[PDB]
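Fold and contact review
Chain by chain, the residues:
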Amino acid sequence: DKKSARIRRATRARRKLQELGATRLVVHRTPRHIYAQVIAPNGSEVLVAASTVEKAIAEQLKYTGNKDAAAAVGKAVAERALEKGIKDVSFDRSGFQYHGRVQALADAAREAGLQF
Amino acid sequence: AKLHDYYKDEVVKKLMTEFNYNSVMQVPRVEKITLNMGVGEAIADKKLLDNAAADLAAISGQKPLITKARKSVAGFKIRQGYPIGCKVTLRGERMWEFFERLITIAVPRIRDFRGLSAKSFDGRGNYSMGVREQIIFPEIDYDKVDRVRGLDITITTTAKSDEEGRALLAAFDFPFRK
Amino acid sequence: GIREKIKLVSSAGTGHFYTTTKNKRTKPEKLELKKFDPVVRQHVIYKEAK
Amino acid sequence: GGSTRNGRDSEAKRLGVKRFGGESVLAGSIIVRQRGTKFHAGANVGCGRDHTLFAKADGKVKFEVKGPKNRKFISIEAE
Amino acid sequence: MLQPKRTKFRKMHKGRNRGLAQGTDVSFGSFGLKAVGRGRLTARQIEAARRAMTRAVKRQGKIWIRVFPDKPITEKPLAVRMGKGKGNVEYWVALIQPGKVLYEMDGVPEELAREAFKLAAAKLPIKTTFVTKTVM
RNA sequence: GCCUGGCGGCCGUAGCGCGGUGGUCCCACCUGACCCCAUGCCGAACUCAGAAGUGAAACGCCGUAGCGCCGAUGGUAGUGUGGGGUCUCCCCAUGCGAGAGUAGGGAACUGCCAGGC
RNA sequence: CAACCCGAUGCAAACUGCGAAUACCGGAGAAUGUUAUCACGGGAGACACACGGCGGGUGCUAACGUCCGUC
RNA sequence: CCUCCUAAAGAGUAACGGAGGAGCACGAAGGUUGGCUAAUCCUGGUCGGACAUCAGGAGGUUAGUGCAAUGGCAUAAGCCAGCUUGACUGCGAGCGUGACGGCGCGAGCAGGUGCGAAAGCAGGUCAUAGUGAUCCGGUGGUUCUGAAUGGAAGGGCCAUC
Ligand SMILES: [Mg+2]
Ligand SMILES: [Mg+2]
Ligand SMILES: [Mg+2]
Ligand SMILES: [Mg+2]
Ligand SMILES: [Mg+2]
Ligand SMILES: [Mg+2]
Ligand SMILES: [Mg+2]
Ligand SMILES: [Mg+2]
């Protein structure tokens, strides 16, 4: 399963993030969508979230997962996780080669204000 | 994709009824030709390897992958590394275009070909037959080559059974033997 | 053995140097790799290595 | 005749069984030649070259068993 | 005339027994010999008994040997000082304990099997007895 | 509450097999590929722009106990202190008491966020 | 002639998909114990042990044998 | 000197007890980033047969690990590649282990490196063998000392043979 492979790729840093116990910003990707969420250290409860699967964002969006489209997703979780008083977090490309959409959005949340 | 379209057209449906399939997304699709040609030898010459490669580089529009050993525990010789082959699978377009290249001009350019194996298949439903000798087909020149050639070719289809493997190719122009 | 000792000298005028071994029997190329020079308290290019 | 010889002491074992005073970095377990026998977890980690279960910040020792496939794992919560 | 074809090690420690074996009841024939006593068979005894066993049943029936030597057991030469390296494997013993199942018969009348294992225990250190198949 | 995805708890009574099953929500394949990026050959994988189609594969469910796995009560082995018989072994008092096997269990349970009905 | 595999049966100091007693380490508590404990300093002697019990190597599960652990 | 058993489930224990190894090797076989994952069997394939390369299926750490054995390893330590020099200098909370000399583990701090988008990782190698105290000298550095004074010889200190 091509999925089972991507998992182990991130199972590494995903453990490193645990090691430091830092609020990580997970970012799952899919052919038709781009998700995002800032889970707490305990890795059980998520503090914030913003994915293209939400009308509010989808509307203003042309096509879900179009880079410039998979960007606002980040800019969203960014402020969304800032008005929450959240800042300075760790990014977890969750196995996704930091280069495409995941590469973006990160700069979005980065530019938006998020510290990472 | 010339033959590629034919699949979606004549084929697919032919199987959809003959094999009575329920979903068009089931019909045994053609999953890339592989091509290998385990030249081997090397030691003696070592240059015939890149030769068998350049030859494949012609037979196919892609770049040959001069493979190495693996077990090393070979009577012949071989020590972990050491060149010994050049698989070179097929790429979608080039693949079908190839499936066209042969069966229409390769298999046709015989030596005495009086039928093709109807059991070169596997258990899953994939066929793989050796040409016995490179028919000199559209390769870097003809009478300009070297000591024979020969090689192997495998289709490998999503066929859930060797039987279904027969349907495929059969819907195409696989000469076969009957 | 066959592993002679080498003395990586600093490119700087400082007489500081590092020590290690090398197998000149197969690695004739004089080794260099840059290290820290305590004297100048700044990294630099160390040389000398059979 | 050949038969004889043998290594020396080479202690290696648990020197901080269960909760302890756990100073800035006692040992908790120096059972070298391991990673799974004792895994670096919690406030404690390190796991020096010789696979020695470090043990950071002062506190008590836990000695647990988590994650897929047994896996001992040691750590030092607060006291 | 029955020893292991291979052994990862040449010598085994002296050690000792602790009664009660595992092969309590028969599970191949329907009779066989029982332990009753703790000991060890020089492997040569098990064969010496087997021969007497076989050559009595004439041929009829089948036989089994749930016991095996596998144990080295060394010996030190005569006129030779002490403590100078472990002795040399002279024979092979088969550690057995009470309840141990030595042999087993089936294709032969119990009247024979019985009067056959007797002509066997005659060539054995441990005091054995007779046993049946038993439904359980 | 029904279904789905992301992240964890706990790690086999949570797994495997076999049968059934879900869809253009989600996911999956899937399309296209000059390009971003990628192939020691391949757009297979990674990567991007995205139809048309289908749940086929995978995945997720549901059922099923054939293979795992959990697993007593009782008895058995061992053993600490005290005593006893004794050829290297064992017995008694009294605390602790397995392993295997049997009865049986068993086709996971559970939290956070999000999206569909 | 036979390995591999399958079911039924055993063996292991240098086998373990299980697993005690128990020793040991740490925490809390009562009682008892002329501090039994730890540290430093003046004086030492002693580094040939022996037997018996238990767990063992070795020896022949021989020796008022031999080499360890422990009482 | 290292490994396993002996060794009675902490450490440690003896024998002219039972079995093996070390006196090195690597400028990459170190560092980091990125990616990969076997052995073996079955089946089907030009020369390819017991045993090369290829395709699938079963299989699942039975492979591999620079060299013994034990423990470990998939987040791989196992494998491939890019770029590199942290096999850096000064220190070091706190521990482990020794009669001692001494040996080992070590987060964190200061200066400068490297690799990465980043979190972060790197003070040599998966770890445990690969070793020789002192003295007497050799070499480089240093304005420490230098027998009336200025130098110098010599001495000290640091690096090293
Ligand atoms: Mg003990
Ligand atoms: Mg003395
Ligand atoms: Mg003495
Ligand atoms: Mg004594
Ligand atoms: Mg005596
Ligand atoms: Mg011990
Ligand atoms: Mg073959
Ligand atoms: Mg090593």
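Check the entry above for the structure.
The paragraphs below set out a description of the structure included in this document.

Below, the discussion takes up the layout of surface pockets. In this structure, the largest pocket encloses a volume near 1100 Å³. If you go around the largest pocket, you meet 22 residues; those closest to its centre are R15 and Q18 of chain A together with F39, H40 and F73 of chain D. It is helix α2 (residues 13-20) of chain A that contributes the most residues to the lining of the largest pocket, four residues altogether. Here the lining of the second largest pocket is composed, by residue class, of ten nonpolar, four polar and two charged.

Attention shifts here to the packing of helix α1 (residues 44-57) of chain E against helix α2 (residues 110-121) of chain E. Residue and element names in this part refer to chain E. One can describe the packing of α1 onto α2 by two numbers: an axis separation of 8 Å at closest approach and a directional angle of 150 degrees. As summarised for this structure, α1 and α2 are arranged roughly antiparallel, according to the angle between their axes. Two packed elements cross with a definite hand, and for α1 against α2 that hand is right-handed. Along its contact with α1, which presents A49, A52, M53, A56 and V57, the element α2 presents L112, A116, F117, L119 and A120.

Further remarks concern the protein's contact with RNA strand G. By nearness alone, 26 residues border RNA strand G, and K18 and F20 of chain D together with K11, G15 and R66 of chain E come closest of all. Restricting the count to atoms of RNA strand G within 4 Å of the protein gives a sugar and phosphate share of 55%. The separation between a phosphate oxygen of RNA strand G and a polar main-chain atom of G15 of chain E is 2.8 Å. Contacts to RNA strand G include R66 of chain E, whose side-chain N or O atom sits 2.6 Å from a sugar or linking oxygen.

Residue and element names in this part refer to chain A. The mixed open sheet is built from four strands, whose spatial order is β5-β4-β1-β6. Taken across any chain shown, the strands that pair with only one partner, and hence form the sheet edges, are β5 (46-49) and β6 (90-92). On average, adjacent strands in this sheet sit at an angle of 25 degrees to one another, irrespective of strand direction. Sheet topology places strand β4 (residues 37-39) next to β5; three bridges connect them, and they run antiparallel. Across the sheet, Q37 pairs through a bridge with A49, a residue of β5. The strands touched by helix α4 (residues 69-80) within the sheet are β1 (24-26), β4 and β5, with β5 carrying the most contacts at an inclination of about 130 degrees.

Despite not being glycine, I2 of chain C has its phi angle at roughly 50 degrees, a positive value. In the Ramachandran plot, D70 of chain E falls in the positive-phi region, its phi being about 55 degrees despite a non-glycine side chain. By secondary structure assignment, the location of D70 of chain E is in the loop between β3 (63-65) and β4 (74-75).

Residues and elements named next belong to chain A. Here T64 is to be found in the loop between α3 (55-60) and α4. Within the local environment of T64, its side chain forms a polar contact with the backbone oxygen of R32, the two atoms lying 2.5 Å apart. Aside from chain neighbours lying at most four places away, what touches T64 is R32, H33 and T52.

Quick look at the arrangement of the chains now. The least C-alpha distance between chain A and chain C, which are not in contact, is 30 Å. Between chain B and chain C there is no contact; the minimum C-alpha to C-alpha separation amounts to 21 Å.

The rules behind these values
Residue positions are given from 1 per chain in written sequence order; they need not agree with the entry numbering, and residues without coordinates are hidden. Throughout, the order in which chains and ligands are written sets their labels, letters from A for the former and numbers from 1 for the latter. Working note: chains shown belong to a larger assembly, and all values are for the shown part only. Side-chain metrics in this entry use all non-hydrogen atoms of the structure; hydrogen atoms and water are not considered. Buriedness of a pocket was judged along seven lines, with at least five required to meet protein on both sides within 12 Å; pockets are open sets of points on a 1 Å grid over the protein atoms alone, cavities are sets where a 1.4 Å probe fits but cannot get out, and lining residues have an atom within 4 Å of a point. Grid points are joined across faces, edges and corners, and a volume is the space filled by probe spheres set on the points. Helix numbering and strand numbering both begin at the N terminus, where a helix is a DSSP run of H or I of at least 4 residues and a strand a DSSP run of E of at least 2. Residues are grouped as follows: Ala, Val, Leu, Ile, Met, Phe, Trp, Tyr, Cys and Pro are nonpolar; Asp, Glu, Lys and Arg are charged; all remaining types, including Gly, are polar. Here, axes are lines fitted to C-alpha atoms. For helices the fit covers the stretch in contact, and angles between N-to-C directions go from 0 to 180 degrees. Any angle that falls under 35 degrees is termed roughly parallel, while one over 145 is termed roughly antiparallel, one within 65 to 115 roughly perpendicular, and all others oblique. For any pair of crossing helices, the crossing counts as left-handed if the nearer helix is rotated counterclockwise from the farther one by less than a right angle, and right-handed if it is rotated clockwise. Only heavy atoms enter the contact rule, under which two residues are in contact if any of them lie within 4.5 Å. To be near a molecule or strand, a residue needs just one of its heavy atoms within 4 Å of it. Counting of polar contacts relies on pairs of N or O atoms within 3.5 Å, with two restrictions inside protein: one atom must be capable of donating a hydrogen and the other of accepting it, and residues adjacent in sequence are counted only when both atoms are side-chain atoms. Only strands that DSSP links by at least two bridges are regarded as paired with each other.

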